[PDB]
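This report refers to the structure that appears directly beneath it.
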Amino acid sequence: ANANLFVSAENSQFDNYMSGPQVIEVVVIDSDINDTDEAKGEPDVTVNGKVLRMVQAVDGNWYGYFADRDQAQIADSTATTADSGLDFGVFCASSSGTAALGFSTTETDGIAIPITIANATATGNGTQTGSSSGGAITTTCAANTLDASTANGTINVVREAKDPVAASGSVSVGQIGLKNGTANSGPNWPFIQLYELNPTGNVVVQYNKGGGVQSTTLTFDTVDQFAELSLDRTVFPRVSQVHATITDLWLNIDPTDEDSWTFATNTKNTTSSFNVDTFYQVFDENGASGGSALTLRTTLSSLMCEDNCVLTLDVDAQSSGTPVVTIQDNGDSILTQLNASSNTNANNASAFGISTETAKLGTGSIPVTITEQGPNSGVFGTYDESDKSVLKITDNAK
Amino acid sequence: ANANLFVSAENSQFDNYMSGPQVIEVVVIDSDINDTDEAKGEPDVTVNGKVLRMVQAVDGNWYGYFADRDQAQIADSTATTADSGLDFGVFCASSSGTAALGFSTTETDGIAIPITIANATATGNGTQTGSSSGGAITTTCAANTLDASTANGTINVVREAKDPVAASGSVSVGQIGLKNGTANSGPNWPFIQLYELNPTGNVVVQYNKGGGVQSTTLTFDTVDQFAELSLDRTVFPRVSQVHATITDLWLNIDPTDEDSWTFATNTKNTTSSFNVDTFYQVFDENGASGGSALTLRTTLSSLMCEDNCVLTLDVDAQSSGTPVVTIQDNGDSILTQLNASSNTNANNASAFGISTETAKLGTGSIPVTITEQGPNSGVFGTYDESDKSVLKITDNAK
Amino acid sequence: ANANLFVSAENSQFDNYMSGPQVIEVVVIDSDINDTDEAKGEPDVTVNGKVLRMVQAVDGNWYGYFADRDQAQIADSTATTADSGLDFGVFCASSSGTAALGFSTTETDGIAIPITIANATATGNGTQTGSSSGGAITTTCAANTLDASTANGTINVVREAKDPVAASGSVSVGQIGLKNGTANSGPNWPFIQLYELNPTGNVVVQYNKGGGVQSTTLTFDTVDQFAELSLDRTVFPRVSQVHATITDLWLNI
């Protein structure tokens, strides 16, 4: 971890790899610049030789968030409703930094700010939804863009951001000049700086201080070689909990929060309209709503998924008539028995669904939810904090 | 971690275990941020990867208090009168931090603030008493909640809290922005941050500073394997003091104060209404009132008690007619002879009780009091500082 | 000596014993609370589990003075003229702390303040001379008791007390609120907090700070097993000086 520079992707287990639409947090912790009532200089931090702008927070630490340009654009196109699924907010040009954030972002490929567009002009006001293909960002953003915004805090890929240091005396907001410093509900903080990165190539983060430089190198590549599923036991008795653990680097989109994913896994739903699918943040880590369910099935190829973003389940493998596995509510999801008829019971996995999202996660199409065991771990599970799994063996199983 | 990070549960004797509704103090002592007239940055402290908010105190040290969500709720339900027994005060939602404390508490499961509710609305004003079962906390708290409070300082689980640093120049109250900094009699300090923890699972406390991180790991599990009672001698002469020492991790609820417990121990009181019971802080460590007596007998199963929260006594084991053991007042209790008739004497253990609490601790039902030998020791005794035990051998014993 | 807590009776030679009408000084020396222009919190100090109130002084140190209740009362009865012999001044009830000193002294058995009584009422004005037998102190003291006093500084058992820190800005007198901070000639500083202690029983002094607690234990008993006389020589010639040394814990009041 060096001494004073911390980068989220620095994990020995996964060999410093990063992949997909993920955001990366860079933190500087140093006692030379830790004060918040004096105007100390911004620390000098670069990624692949290009400047990373760092905001001071109330803990006396300097933060910056970056992501690959094309992956942010491609992922943002899935988020059809604002502040739900993988929303990076609105895509602005590099020149827009001075007019929108209040400081220069010119050595970046683009910036993602959490506002909404009221006046959808062709030129002066950025792109709300992003491009399914990606490319260069050319639409600019201005000061009148911020004021006209009707819903602030539309970024959903970073949800747990520290408060920017306040404006007192010589000190500006975030000590570098943010125009509005209300974190995770304001129009400026957090924001993601976009960089064009080379697949299968190294990414280098540097901090230049007196007496030497700290570096951290990361790899940008598909990470299906670090992905696996583990079950707690070999043989399962009749009313056991099925405790499934998924480890996948790709699934940790938020570096500050606990990431939640929801799957339609029924591989024997044969309705023509139905497809196995993946959804992002349909729930919280505390089993709240946390937003709508938005399709990701046809975009997983373009987000660097190599056979590693899909969960499928078969409740009755031998078609004996008695289903082995059922599903149940727990502390990290809101599952409901939609067929409450006396003729069926809790062993019918196809009688459960999600009430708010019935088009794609209704009756049948067994919804399965996983939650991140730690903000930036990359290890997911179906268990909750009371040890109640989503997947349970049926009472009449053979 | 024993360089700059101190956690209360760090005890080699008990193998870093914690259990029950007990509160845990985190202290940071470092010379880099020890000043109180400059606005240094809050130290970055996390439990199971979630942020712990730290207040600076007048000694230049940073404090934070946490507890398990369900255990705080279950214990708080026993406290039927305010600021007596195990009161955590009032349960607020995570979002309420900004409106109530004046700073963000969003990476917590809930907060416990020491006020009382005047206007008991369904939504905008939190829960006074807590749930006997526990669960998610959803009721919010607002700024108008604090002002309408008619009795501040209702938390009874933390009683010895250091003064928050005052607002001078660039420095805010507690250097992080508490709205009212009067300790142990104000509406904000101390407060407990609630976390959902895994029974039989590890709890990790981390501090991130320049040059490396300090960690401390704790276990959250039932602790009856560390509990025992010892007597001073094997054979007791006629007017001896019976000096009993109890060691139990579970009994140390307050990490800053000296914990006092009172027991109804008469196992031959056969009155239908009577039950052996346990009470919390019926006295102080200086033998003052310190609050009312509130039942805990039917809730001990839900507070992780495994055969280790109950004291029983039999004064005459062989039923010879002469009772071997009696009870007497000392410096850490207020015991009174309720039957003052000349026909009885000081050898009648059933003629003593507590005057203020006669329903459950009256005549008969031998009350026995223990006091903690040190703020955060976990070793209790019946002796006081003058060496006068509560339990004494009768003068006419055979 | 621990690190930051100093108690007078802490002497290895006498095995931490204390006896008789003696006053005990508790001092806290720490660099965390040594400033005198900021309102730092009073350090948390207890004796036998009861709170000891600590005044800050100009050296940035916190002071408190305590004694056994019955021994102070019995010794005070010998002092027939004021500010002579073993005078603890005037005995007030615990409730009187707020009205006399300006801060709460309710977890004490009694307080001894250095004034004189002008109007010797039965109730509202305390006891000048003390009881030869001792017992519970029940006479109270009020604010009008201080103002009517005609001779301040009548305590003779503590004579060398550091100056209470002055009232500037947010800081009160002695940083805890003394009503008159002129040391050894005023009506409030020093004052002795009285505690009921058990002969042949331990006395425990504790200080609670972040990162651990300091304790000191003392014994309250007769101390004639540590008392002796020594002469400088064995044989003395005709116009010699006889240099006699007495060591006795009891004699250090």
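Residue numbers start at 1 in each chain; chains themselves are named A, B, ... in the order of the structure tokens; ligands are numbered from 1 in the order shown.
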Practice item. For chain B, report every residue with an atom at most 9 Å from chain A (counting only C-alpha atoms), formatted as a ChimeraX atom specification. Key: /B:32-33,38-44,48-50,104,106-107,109,135-136,170-171,176,196-199,208-212
Now that the selection is made, can you save its residues with N, CA and C atoms as a short mmCIF file (atom, residue, chain, number, x, y, z; two decimals), in the first residue's frame?
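Final output, selection-v4.cif:
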```
data_model
loop_
_atom_site.label_atom_id
_atom_site.label_comp_id
_atom_site.auth_asym_id
_atom_site.auth_seq_id
_atom_site.Cartn_x
_atom_site.Cartn_y
_atom_site.Cartn_z
N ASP B 32 -0.05 13.33 16.00
CA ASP B 32 -0.23 14.07 14.73
C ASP B 32 -1.50 14.93 14.78
N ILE B 33 -2.53 14.50 15.51
CA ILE B 33 -3.86 15.17 15.51
C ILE B 33 -4.25 15.56 16.94
N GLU B 38 -6.54 23.78 16.46
CA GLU B 38 -6.47 23.72 14.97
C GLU B 38 -7.46 22.68 14.46
N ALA B 39 -7.95 22.87 13.24
CA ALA B 39 -8.94 21.96 12.62
C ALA B 39 -8.22 20.83 11.90
N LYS B 40 -7.64 19.89 12.63
CA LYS B 40 -7.10 18.65 12.02
C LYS B 40 -8.24 17.75 11.55
N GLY B 41 -7.91 16.88 10.61
CA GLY B 41 -8.88 15.98 9.98
C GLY B 41 -9.27 14.86 10.92
N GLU B 42 -10.54 14.47 10.90
CA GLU B 42 -11.04 13.30 11.65
C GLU B 42 -10.25 12.07 11.23
N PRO B 43 -9.79 11.22 12.16
CA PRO B 43 -9.11 9.99 11.81
C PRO B 43 -10.10 9.01 11.19
N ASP B 44 -9.59 8.17 10.28
CA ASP B 44 -10.45 7.29 9.44
C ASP B 44 -10.45 5.92 10.12
N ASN B 48 -15.87 -3.59 10.59
CA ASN B 48 -16.28 -4.48 9.47
C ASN B 48 -16.38 -3.69 8.16
N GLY B 49 -15.44 -2.78 7.93
CA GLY B 49 -15.38 -2.03 6.67
C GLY B 49 -16.31 -0.83 6.65
N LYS B 50 -17.14 -0.59 7.67
CA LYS B 50 -18.05 0.58 7.69
C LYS B 50 -17.52 1.69 8.60
N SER B 104 -22.95 13.52 9.17
CA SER B 104 -23.54 12.36 8.47
C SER B 104 -23.23 11.06 9.23
N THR B 106 -24.38 7.67 7.81
CA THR B 106 -25.13 6.96 6.75
C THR B 106 -24.58 5.55 6.55
N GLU B 107 -23.33 5.30 6.92
CA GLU B 107 -22.73 3.96 6.83
C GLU B 107 -22.97 3.19 8.14
N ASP B 109 -26.08 1.25 10.80
CA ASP B 109 -27.41 0.62 10.80
C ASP B 109 -28.41 1.46 11.58
N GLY B 135 -34.78 -5.75 14.83
CA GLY B 135 -35.01 -5.59 13.39
C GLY B 135 -34.45 -4.29 12.88
N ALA B 136 -34.89 -3.90 11.69
CA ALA B 136 -34.41 -2.68 11.01
C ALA B 136 -35.06 -1.46 11.66
N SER B 170 -11.60 28.41 13.94
CA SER B 170 -11.89 27.46 12.83
C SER B 170 -12.47 26.14 13.37
N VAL B 171 -12.36 25.87 14.67
CA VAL B 171 -12.72 24.55 15.23
C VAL B 171 -14.22 24.52 15.58
N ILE B 176 -15.99 17.92 14.78
CA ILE B 176 -16.73 17.31 13.64
C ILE B 176 -18.14 17.88 13.54
N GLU B 196 -25.09 -4.03 12.44
CA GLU B 196 -25.63 -5.40 12.35
C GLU B 196 -24.44 -6.37 12.30
N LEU B 197 -24.25 -7.16 13.34
CA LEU B 197 -23.06 -8.01 13.49
C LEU B 197 -23.46 -9.48 13.45
N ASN B 198 -22.50 -10.36 13.19
CA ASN B 198 -22.80 -11.79 12.95
C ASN B 198 -22.42 -12.56 14.19
N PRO B 199 -23.38 -13.14 14.93
CA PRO B 199 -23.05 -14.04 16.04
C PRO B 199 -22.13 -15.19 15.62
N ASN B 208 -6.91 3.76 9.51
CA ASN B 208 -6.04 3.94 8.31
C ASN B 208 -5.23 5.22 8.50
N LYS B 209 -3.92 5.09 8.65
CA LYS B 209 -3.05 6.27 8.73
C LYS B 209 -1.88 6.11 7.76
N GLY B 210 -1.17 7.20 7.50
CA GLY B 210 0.04 7.16 6.67
C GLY B 210 1.06 6.23 7.29
N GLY B 211 1.55 5.28 6.51
CA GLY B 211 2.66 4.38 6.90
C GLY B 211 2.16 3.03 7.34
N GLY B 212 0.84 2.80 7.31
CA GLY B 212 0.24 1.48 7.55
C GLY B 212 -1.03 1.59 8.37
#
```
Practice item. Just the residues within 8 Å of segment 100-102 of chain C, please, counting only C-alpha atoms, with nothing from its chain fewer than 4 positions along; format it as a count of residues only. Key: 10
Check your understanding: What does the distance from atom CA of residue 378 of chain B to atom CA of residue 193 of chain B come to in Å, to one decimal?
Key ->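 Between these atoms lies a distance of 22.8 Å.
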Review point. Which residues come within 9 Å of residue 221 of chain C, counting only C-alpha atoms, excluding same-chain residues fewer than 5 positions away, as number ranges by chain?
Key: C: 17-20, 198-201
Please, which residues in chain C fall within 10 Å of chain B when counting only C-alpha atoms, and what is the closest atom pair and distance in Å to one decimal for each, ordered by chain then residue number, as CSV?
```
residue,atom,partner,partner_atom,distance
C:30,CA,B:59,CA,9.0
C:31,CA,B:59,CA,8.5
C:32,CA,B:59,CA,4.7
C:33,CA,B:59,CA,5.7
C:34,CA,B:59,CA,9.3
C:38,CA,B:166,CA,8.3
C:39,CA,B:166,CA,7.2
C:40,CA,B:58,CA,4.9
C:41,CA,B:163,CA,5.3
C:42,CA,B:163,CA,8.3
C:43,CA,B:162,CA,8.4
C:44,CA,B:160,CA,8.3
C:46,CA,B:286,CA,9.6
C:47,CA,B:286,CA,9.4
C:48,CA,B:385,CA,5.9
C:49,CA,B:286,CA,5.2
C:50,CA,B:286,CA,5.3
C:51,CA,B:286,CA,8.6
C:107,CA,B:286,CA,7.7
C:108,CA,B:286,CA,9.8
C:170,CA,B:166,CA,9.3
C:196,CA,B:331,CA,9.6
C:197,CA,B:386,CA,7.1
C:198,CA,B:386,CA,5.2
C:199,CA,B:386,CA,7.9
C:200,CA,B:386,CA,7.8
C:201,CA,B:386,CA,4.4
C:202,CA,B:385,CA,5.8
C:203,CA,B:385,CA,6.5
C:204,CA,B:385,CA,7.3
C:206,CA,B:374,CA,8.9
C:208,CA,B:256,CA,8.0
C:209,CA,B:59,CA,8.3
C:210,CA,B:27,CA,6.6
C:211,CA,B:6,CA,6.3
C:212,CA,B:376,CA,9.1
C:213,CA,B:375,CA,8.2
C:215,CA,B:374,CA,9.3
C:217,CA,B:385,CA,9.8
C:219,CA,B:386,CA,9.7
C:220,CA,B:386,CA,9.4
```
Those selected residues, please, written with C-alpha atoms and delivered as a short mmCIF file (atom, residue, chain, number, x, y, z; two decimals), in the first residue's frame.
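Resulting contents of result_0.cif:
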```cif
data_model
loop_
_atom_site.label_atom_id
_atom_site.label_comp_id
_atom_site.auth_asym_id
_atom_site.auth_seq_id
_atom_site.Cartn_x
_atom_site.Cartn_y
_atom_site.Cartn_z
CA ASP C 30 -0.71 15.66 32.00
CA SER C 31 0.29 17.44 28.76
CA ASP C 32 -3.19 16.73 27.23
CA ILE C 33 -5.00 19.16 29.63
CA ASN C 34 -2.06 21.44 30.69
CA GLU C 38 -8.93 26.86 26.82
CA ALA C 39 -11.92 25.22 28.57
CA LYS C 40 -10.60 21.63 28.84
CA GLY C 41 -12.76 19.15 30.75
CA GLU C 42 -12.11 18.37 34.44
CA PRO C 43 -10.21 15.05 34.72
CA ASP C 44 -12.24 12.18 36.21
CA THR C 46 -12.52 9.10 42.29
CA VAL C 47 -11.62 7.98 45.84
CA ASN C 48 -13.26 4.68 47.02
CA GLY C 49 -15.48 5.07 43.92
CA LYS C 50 -16.73 8.59 44.93
CA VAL C 51 -15.94 11.70 42.75
CA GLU C 107 -20.70 12.56 46.35
CA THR C 108 -18.68 13.69 49.45
CA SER C 170 -14.66 30.82 28.09
CA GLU C 196 -15.92 8.32 55.63
CA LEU C 197 -13.01 5.83 55.62
CA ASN C 198 -12.63 2.47 57.39
CA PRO C 199 -9.73 2.05 59.85
CA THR C 200 -7.53 -0.94 58.80
CA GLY C 201 -9.34 -0.65 55.36
CA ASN C 202 -7.87 0.31 51.92
CA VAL C 203 -8.29 3.73 50.24
CA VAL C 204 -8.27 3.62 46.40
CA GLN C 206 -8.44 6.34 40.52
CA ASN C 208 -9.84 7.49 34.23
CA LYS C 209 -8.16 8.57 30.98
CA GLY C 210 -8.20 7.37 27.36
CA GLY C 211 -5.90 4.34 26.94
CA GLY C 212 -6.10 3.04 30.55
CA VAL C 213 -6.70 3.99 34.20
CA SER C 215 -4.85 3.60 40.46
CA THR C 217 -4.18 2.14 46.92
CA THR C 219 -4.07 1.82 53.95
CA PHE C 220 -5.84 3.75 56.72
#
```
Practice item. Using DSSP on the backbone, list every residue of segment 30-108 of chain C that comes out as helix (DSSP H, G or I), and give them as a list in words. Key: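 Going through segment 30-108 of chain C, the helix (DSSP H, G or I) residues come out as residues 69, 70, 71, 72, 73, 74, 75, 76, 94, 95, 96, 97, 98, 99 and 100 of chain C.
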**Study point:** DSSP strand (DSSP E or B) selection over segment 103-251 of chain B, as JSON, numbers by chain
**Key:** {"B": [110, 111, 112, 113, 127, 155, 164, 192, 193, 194, 195, 201, 202, 203, 204, 205, 206, 207, 208, 209, 212, 213, 214, 215, 216, 217, 218, 219, 220, 228, 229, 230, 231, 241, 242, 244, 245, 246, 247]}
Practice item. For residue 103 of chain B, work out the shell of residues within 8 Å, counting only C-alpha atoms and skipping chain neighbours fewer than 4 positions away, then give it as a PyMOL selection string. Key: chain B and resi 97-99+176-178
Would you put the residues from that selection into a file with N, CA, C and O atoms, as a short mmCIF file (atom, residue, chain, number, x, y, z; two decimals), in the first residue's frame?
```cif
data_model
loop_
_atom_site.label_atom_id
_atom_site.label_comp_id
_atom_site.auth_asym_id
_atom_site.auth_seq_id
_atom_site.Cartn_x
_atom_site.Cartn_y
_atom_site.Cartn_z
N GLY B 97 -28.77 11.42 11.16
CA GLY B 97 -27.49 11.93 11.70
C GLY B 97 -27.28 13.42 11.43
O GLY B 97 -26.86 14.15 12.35
N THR B 98 -27.50 13.85 10.20
CA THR B 98 -27.26 15.24 9.77
C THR B 98 -28.22 16.17 10.52
O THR B 98 -27.77 17.23 10.98
N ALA B 99 -29.48 15.80 10.64
CA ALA B 99 -30.50 16.67 11.27
C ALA B 99 -30.35 16.66 12.79
O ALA B 99 -30.64 17.70 13.39
N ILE B 176 -15.99 17.92 14.78
CA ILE B 176 -16.73 17.31 13.64
C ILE B 176 -18.14 17.88 13.54
O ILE B 176 -18.77 17.58 12.50
N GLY B 177 -18.63 18.66 14.53
CA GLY B 177 -19.85 19.48 14.38
C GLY B 177 -21.04 19.10 15.26
O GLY B 177 -22.16 19.40 14.83
N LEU B 178 -20.84 18.56 16.48
CA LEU B 178 -21.96 18.19 17.38
C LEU B 178 -22.77 19.46 17.62
O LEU B 178 -22.11 20.54 17.73
#
```
